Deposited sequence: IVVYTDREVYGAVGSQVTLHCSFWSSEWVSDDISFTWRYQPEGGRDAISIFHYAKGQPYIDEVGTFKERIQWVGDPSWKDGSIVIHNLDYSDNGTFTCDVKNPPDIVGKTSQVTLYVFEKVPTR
């Protein structure tokens, strides 16, 4: 029924930040759910997939902007699909969108890095 993320998140260069994603429903829902995370850099319009989870298996992208900087920290049993973005860089600014499916429901969070 509803997907949750933070509205904005601030991070320091060389530090890490966690991007929360979870979903809730008033009725029972099985653990056969998928989570997909997409990234759009500040001032761009393309949304690139950086992480995917389904049938109990996680898939991390090894080719893009956050390659070697993504950690899966969610739990499907708890309807949680959160990830951590590591070793922040100035150029990381942008909007991240979490897409939940059982067509999905999405929610976004914008990142700003300072220091």
Inset, instruction - Residue ranges with no C-alpha coordinates, please: along the deposited sequence, counted from 1, in order. - result: 103-106, 120-124
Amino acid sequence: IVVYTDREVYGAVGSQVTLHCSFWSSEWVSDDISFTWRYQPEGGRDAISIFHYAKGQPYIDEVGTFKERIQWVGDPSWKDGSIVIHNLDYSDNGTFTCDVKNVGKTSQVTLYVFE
From here on, numbers count along this sequence of modelled residues.
Inset, instruction - Averaging only over Cα atoms, indicate whether 40-48 or 80-88 has the higher B-factor in the PDB entry. - result: 40-48
Legend entry - Greater mean Cα temperature factor according to the PDB record, 18-26 or 89-97: 89-97
Legend entry - Relative C-alpha B-factor of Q71, binned into the chain's lowest, middle or highest third: lowest
Legend entry - Cα B factor band for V3 (lowest, middle or highest third within the chain): middle
